[PDB]
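Working notes, structure below.
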Amino acid sequence: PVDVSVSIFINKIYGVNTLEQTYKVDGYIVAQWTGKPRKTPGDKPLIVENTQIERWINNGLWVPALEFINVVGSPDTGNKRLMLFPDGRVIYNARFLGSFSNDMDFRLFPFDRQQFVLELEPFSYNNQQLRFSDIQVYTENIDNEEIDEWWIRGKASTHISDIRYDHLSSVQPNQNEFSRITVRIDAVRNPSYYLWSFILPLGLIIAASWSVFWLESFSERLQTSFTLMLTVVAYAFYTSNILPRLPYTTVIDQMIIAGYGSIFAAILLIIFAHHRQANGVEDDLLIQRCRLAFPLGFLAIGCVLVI
Amino acid sequence: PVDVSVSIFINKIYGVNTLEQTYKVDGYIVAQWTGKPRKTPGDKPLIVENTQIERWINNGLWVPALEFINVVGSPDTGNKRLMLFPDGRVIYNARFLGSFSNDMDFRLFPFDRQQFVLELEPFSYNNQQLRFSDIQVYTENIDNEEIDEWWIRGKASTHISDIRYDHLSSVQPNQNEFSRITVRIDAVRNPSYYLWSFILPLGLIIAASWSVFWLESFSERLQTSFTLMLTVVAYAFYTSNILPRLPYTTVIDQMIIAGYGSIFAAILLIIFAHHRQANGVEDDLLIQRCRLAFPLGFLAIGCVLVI
Amino acid sequence: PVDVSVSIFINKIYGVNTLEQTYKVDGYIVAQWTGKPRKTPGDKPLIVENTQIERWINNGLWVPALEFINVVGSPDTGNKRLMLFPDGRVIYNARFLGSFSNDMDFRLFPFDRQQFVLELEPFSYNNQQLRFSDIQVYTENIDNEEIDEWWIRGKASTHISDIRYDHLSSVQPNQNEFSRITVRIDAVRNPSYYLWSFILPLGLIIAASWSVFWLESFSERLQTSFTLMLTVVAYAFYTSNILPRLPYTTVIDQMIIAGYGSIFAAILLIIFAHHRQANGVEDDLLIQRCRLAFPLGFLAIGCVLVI
Amino acid sequence: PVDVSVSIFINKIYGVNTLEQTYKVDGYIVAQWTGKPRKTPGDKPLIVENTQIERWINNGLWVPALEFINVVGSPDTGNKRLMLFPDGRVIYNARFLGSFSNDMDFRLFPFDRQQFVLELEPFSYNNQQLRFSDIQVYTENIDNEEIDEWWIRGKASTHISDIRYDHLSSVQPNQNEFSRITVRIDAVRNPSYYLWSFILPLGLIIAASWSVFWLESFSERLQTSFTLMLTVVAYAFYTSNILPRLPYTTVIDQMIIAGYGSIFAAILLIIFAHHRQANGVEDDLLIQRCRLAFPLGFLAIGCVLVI
Amino acid sequence: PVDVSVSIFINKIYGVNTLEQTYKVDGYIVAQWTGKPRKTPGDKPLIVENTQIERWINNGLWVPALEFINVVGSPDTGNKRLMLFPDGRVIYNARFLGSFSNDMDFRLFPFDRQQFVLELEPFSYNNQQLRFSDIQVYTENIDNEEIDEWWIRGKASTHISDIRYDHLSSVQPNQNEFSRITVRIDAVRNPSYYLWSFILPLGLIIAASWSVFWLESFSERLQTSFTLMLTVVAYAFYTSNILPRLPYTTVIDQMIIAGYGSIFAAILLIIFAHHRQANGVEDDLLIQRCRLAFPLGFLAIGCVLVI
């Protein structure tokens, strides 16, 4: 009933792939388990680097394949080493860089929370069980991440449960429960850039759109609308090119629709004000003085987007 | 005439390449077939991991190469294992990530169907036959697809047919029929994002184009048209940059031309309105009152685009 | 002087790189040639799959290297198999996918003609000759290129010629002539998409530009032109991002320049209309009525663009 | 306590990945260390190239794995050679190209300060220490950066420090201190292109925005403001697409937000001038003559962005 | 002091990386050198293809590793063959595809002169020299043609000089001079595409920019200019997106600044014309008649930019 200790050193997470739901993790991994003792050179432990390891297997060294369950494609294995002890126990060490997969919601784009997860599990062993799992990191929050991508409000989160896999259990009846280490790391999106540089300009554009009501004539009002209309389309484009592509509406992406709407609603009022009259051409007394009433109407509906 | 069991675990479909007609499939695959019984260590089945497998072949172990017929390029093979049973039967297991090809129509872009398909067939064996095929997916539709991209409808279509391959049969007369597994999965595109953020703004922009007939003057009418023209071209760009590039007209793309036409037709009326007159000056009294006759004409053309 | 029959199964191409002049080809290749007989297990021919093939070479099996002359970089060799016959003849089979290069003229962009080419020739053999060559495409022209950019044309083209290579021919005097299979498949560009969505709106835009002459004033005429100018600049951008990048002027690219001229010519006329008078301020009575004389002037130069 | 001399020849930096904080370094690396003396063919030193090196290891030649700690994924090892000297000493030479990572502040974008760094450390040895470190570079500052992208202020550097690694350490009590070479090179972004072609055009536009106050009418003033609004949205787009993507506000990114504001502030004054009056419609006599008082207000706040 | 002849067949140059200063070269390379005579099968020369080569080295065949000094990462080695002669001399042939680097000045962007370079040098041998070097190019110009991106001013140059490498000269005292082939090919920029399709439209816009002086009113003049400003920003974006990214100001990039200035300068005159008066509102009679004096002022500054 083989015991396996596991420790995973995390060096770097990088590259969220918003569409494919994919991120890259570089780091090391450690497995420790005790086997039959052997004579080593001297009596100090014997060290085996890279290319040499595969040879020891051909002479009867059992070395379990540890698969990353949730990695997308075999990861980049850097240097790898074995530490064989004269008393038997064996240490497998390897550096990796791999593209891992997990479910993640991006609907709250400028203010995200995400959880990056690793799932390690032996490739073909059910009564070889994973003893304990450990990780690390070295950072400081809240501090220097007005420089950084986002804050890692969060920490370790170890699991290591057992998985059933109820399919073709008759291949080996009664035994198909595999030991799976699961690690998860929480993180929040530093909104600084998307607020200071995206949320703000869009609102001003939407806000400046309302100043159309202070134009004295009607032709002035209506013609200006199409320039404001064009202004939203441009900002919608600048939004879409730079922001990460997604198959749903982000908070920013909804704000873009809010601009498209606010200007189109004015379009209807500007026209309906002209032809809801007592004669033929009269801008309805009290109607064109929604100058500070359209901003109130827009802000009122923009508080139901929150809850 | 060797019998071969096959089981295919499907983990993930992701990243369709609309231009090249290509999608990626990550998962596992299993092959089982019984051969001459042999002595294993103890009497437990023997487990052979990764590199050791290629060695076992050099001692005369026949292991059929199973090629993916519809894969584009050799796939990324992760971990692989053999299970040699003392009673003869052998279970080949490997994790695979590969880019597969299938016919895909994207003309109805925001409302696709589609069928993701696998085709497995031994690389050099016609008597060796595929016994039975199974597929395993652990997803839920419709449910979390507001965070994903696709809705899946079908869920397990399996075939296992036979192929003729009638070329150069005199090399071996009478025998050239191969056993081919066929897996097919139906799926539908989540129209949500392209409606709320692409179909929606485009219609409003096209709709606002019609309000030009409510401009009083003719210089206003004709001059304003050119501003609307620019608005469509801009939105065509924003459409073209973010939407997946294709060599045919999508539904949006047809709606995009619909705008281009409405504006050029409006241009024609606006000018024809001015010089289809009685004497000096008269803008044809009723023709500038197609204010809600141009909207009706467009929706009529937008209902024959559907069927 | 060994004879070698070769047949090339072509599966798909699909991904043209217009700048690098490059297309991808996936398919199979077969080589058959008769050698000294041998004893096979039983008397059935012996099958060798992939890694085992390289083992047979180390025991003196000569397997000629067939190089793709016009492939850019080593192609992806999928599965490969040998067929060793008891009567001597040997069949080499392999699946390939590679990016090939050929000269391709794209000057007539929306209406291209191309020739996709494979060139196979042994890597180091002058008196080992290719017996006869075969090509298996199956597709059905005119038909499905409604969905794929191209259109298949004339199909199979085989040569099997001799090459001189007169440089360092003194390295091996009197013998430097190689047997080269040459495959060529002609193709035409499906213009449907670029017409309905690029050529057509462009014509509408250029046509609408001429309508400036029906604007009454001169300040109106000149001012509106600058909006038309910006409209043309926008369409080049929308064109340039989506269309395939090239180092020469395509047909579309020329049509784009026509707008730049028509507007700049109008700018000059509209201004010259104002200051070609008898008295201070009189728009030359006939010249501003080139309203349907710019439409005629444009079309005359666009039929000398044809020949 | 094995001594190892190290010299790292740097051939090329380049291709900074501003988002991933990543740069590539091409060059050679040399390891020299004296071992048990013996006999070479003749007495000239023995040279072992590439594929041959891997053979020598299996007969007991210890060659330590030198890992690039800050490389992202195993780097590309070009050619490698061993020089075994008859007096014992051995020279390991290999050409490498790998993607290295380091912390990079880009908040000062057009005037960045970065430090590209190598961190070398043995993969599995605690009393085998790095003797001395050398680097070779051959550059000139301030001079060729007319063309080169990077001004260098420092003249390389070398550390060769000690690392604790206080984890896992009871596996080997008393011994867990590793030797790490650190090489660091200072460099700056060179403002020429971003000033002459990005900073300058932005400033001119913001200045021209203020000339809106010199329009006689109010409709002229307010309508034109929306045109300036549209222009800024365009320029933010042109900046964002071409400039390197970052998760924070660069100097340019800050300058962009100021433009968005100046127009919205002008819009408000233009309006407040109109309705901060003695009657109902009088542009407040002094306030619309902030024509050269908005420029003064802009220049004063743009000096607090510096400090 | 072994003599080695080298001949390099060049098949294709393609894919300039303007930022990284990098180009791709596909072709073959040939090495010829005379050694101890050996007995071959029969007396014909023996041919060794690919995988078989590395085996011959392990039996004492010395084959020098030839490194491309300015190649960025180890290149893709296609097929390789040995021709061992009974009289001793040995011919190494291999097809290579690799990414090479060189310094490239792009400041005169649309009209460059460039020099593509290969640099070959043995990896670990100082008294084995390159006898004579030959390369085969077949590049005729002016003619090729009809147009392209570069033209060819020659065929090549062939140094084959001696290198010092003065760092660590005591590794082997008194002998550290290596033989390095240097091949260089000159090329000139085919400007055709960038003139007709980029330079020409800019001039029309810049020329049309001056037509603002023929606008009658001042509100006409000043308001219209803000539209012209937008036109340049649009064109800079379209320029920068399609044109190759660079770290310095191209000729085009300066022409873009020339527009930015001419339009901003017009703004200044247009306003100064209004307030350099005798009464209060009189447009200074001669100054607004710089309509064809600003074209003259602009053309003069574009001729000292030349020298």
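Basis: the model, the stated rules and, where named, an outside source; these are not laboratory values. In this analysis, Cβ positions are derived from the backbone assuming ideal geometry, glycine residues included, and neighbour counts consider all displayed protein chains.
Observations, loosely collected:
- Residue satisfying condition, being touching a residue at least 60 places away in the same chain (Cβ under 8 Å) and not assigned by CATH to the domain that holds B:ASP112, within set B:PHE298, B:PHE226, B:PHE237: B:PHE298
- Which numbered condition E:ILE152 misses (of (1) free of Cβ contacts under 8 Å to residues at least 60 places away in the same chain; (2) in the same structural domain as E:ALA258 (by CATH); (3) buried (at least 16 other Cβ atoms within 10 Å of the Cβ); (4) not polar (S, T, N, Q)): (2)
- Hey, A:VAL48 closer than 28 Å to A:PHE178 by Cβ, within 12 Å of chain D (Cβ to nearest Cβ) and surrounded by 12 or more Cβ atoms within 10 Å (Cβ to Cβ) or not: yes
- Within the option set A:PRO110, A:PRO75, being closer than 27 Å to D:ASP103 by Cβ, within 20 Å of the chain's Cα centre (by Cα) and either without any contact (Cβ under 8 Å) to a residue 40 or more places away in the chain or outside the structural domain of A:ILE160 (by CATH) (or both) holds for one residue only, A:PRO75.
- Selection count where residues are farther than 30 Å from D:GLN254 by Cβ and assigned to a loop (DSSP other than H, G, I, E, B), scope region A:155-190: 16
- Among all positions in region D:55-65, there is at least one residue which is at negative phi, touching a strand residue (DSSP E or B) at 6+ places or on another chain (Cβ under 9 Å) and touching a residue at least 40 places away in the same chain (Cβ under 8 Å).
- Unique match (being polar (S, T, N, Q) and facing chain C (nearest Cβ under 8 Å)) among B:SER240, B:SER262: B:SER240
- Within region E:28-43, if we keep just the residues that are more than 20 Å from E:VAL4 (Cβ to Cβ) and touching a residue at least 12 places away in the same chain (Cβ under 8 Å), the residue that is surrounded by the most Cβ atoms within 10 Å (Cβ to Cβ) turns out to be E:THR40.
- D:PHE68 being farther than 22 Å from E:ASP76 by Cα, surrounded by 16 or more Cβ atoms within 10 Å (Cβ to Cβ) and touching a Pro at 6+ places or on another chain (Cβ under 7 Å): yes
- Residue in region C:161-176 that is loosely packed, with under 14 Cβ neighbours inside 10 Å, under 30 Å from C:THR40 (Cα atoms) and not basic (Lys, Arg) present: no
- Residues satisfying the stated conditions in region A:173-200, i.e. touching a residue at least 12 places away in the same chain (Cβ under 8 Å) and away from chain D (no Cβ under 14 Å): A:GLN175, A:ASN176, A:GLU177, A:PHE178, A:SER179, A:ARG180, A:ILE181, A:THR182, A:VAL183, A:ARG184, A:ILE185, A:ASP186
- Residues located in region A:1-14, provided they are surrounded by 14 or more Cβ atoms within 10 Å (Cβ to Cβ) and not hydroxyl-bearing (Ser, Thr, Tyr): A:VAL2, A:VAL4, A:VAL6, A:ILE8, A:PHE9, A:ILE10, A:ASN11, A:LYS12, A:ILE13
- Listed by position, the strands (runs of 3 or more DSSP E) inside region A:36-134 whose residues that are more than 25 Å from D:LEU168 (Cα to Cα) number at least 1 are A:90-100, A:113-122.
- Flag for A:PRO41 being more than 9 Å from every other protein chain (Cβ to nearest Cβ) and out of contact with any helix residue (DSSP H, G or I) (no Cβ under 8 Å at 6 or more places or on another chain): yes
- When residues in region B:126-149 are screened for being buried (at least 19 other Cβ atoms within 10 Å of the Cβ) and at the interface with another protein chain (Cβ under 8 Å from one of its Cβ atoms), 1 of them pass.
- Hey, E:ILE160 over 28 Å from C:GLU20 (Cβ atoms), within 24 Å of the chain's Cα centre (by Cα) and more than 14 Å from chain D (Cβ to nearest Cβ) or not: yes
- Region E:4-23 - residue that is part of a strand (DSSP E or B) and closer than 24 Å to D:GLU149 by Cβ and, of those, nearest to the other protein chains (Cβ to nearest Cβ): E:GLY15
- Residue list for region C:100-118, restricted to those being surrounded by 18 or more Cβ atoms within 10 Å (Cβ to Cβ) and more than 9 Å from every other protein chain (Cβ to nearest Cβ): C:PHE100, C:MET104, C:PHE106, C:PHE109, C:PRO110, C:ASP112, C:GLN114, C:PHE116, C:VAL117, C:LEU118
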